[PDB]
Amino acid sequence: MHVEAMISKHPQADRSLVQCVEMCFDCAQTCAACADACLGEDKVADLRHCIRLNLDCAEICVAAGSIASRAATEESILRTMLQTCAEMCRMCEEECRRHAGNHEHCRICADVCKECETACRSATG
């Protein structure tokens, strides 16, 4: 990623923010991937809620990552958006974690959602 390099060259120019943007995009891709993998499993009927939560988590994480990319002093929705993203990731983590013993893709995704949750919460500080 080029998050850190772009922040330093912004004419209005933060480690917690860089980590948050990086994680949001990582987590968006991972959740989109996890949903698709779940859709290809024999046992897809057991993964409906997981697929749905991953789709919502991918959407929210892209939005949050985009918003945060534009947050390098003026009033912003950033802190509200990051709280919502943290809650989304917490929910998605919980469901992916439940399937992690059965599907390796869900273990990887649950780990990324946990990290993203932490990153987004830390950037609200």
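The first residue of the shown sequence is 1; numbering continues from there.
Missing deposited residues between residue 63 and residue 64: none, as the chain runs unbroken there. Counting the deposited residues that fall between residue 13 and residue 14 and carry no coordinates gives a value of 4 to 9. Of the two segments examined, 38 to 46 and 52 to 60, it is 38 to 46 that shows the higher average Cα temperature factor in the deposited entry. Annotation for 104 to 112 versus 14 to 22: the higher mean temperature factor (C-alpha) is found in 14 to 22. Sort the modelled residues of the chain by CA B factor and residue 85 lands in the middle third. Per-chain ranking of the deposited C-alpha B factor places residue 91 in the middle third.
Per the deposited record, the Cα B-factor of residue 31 falls in the lowest third when ranked against the other modelled residues of its chain.
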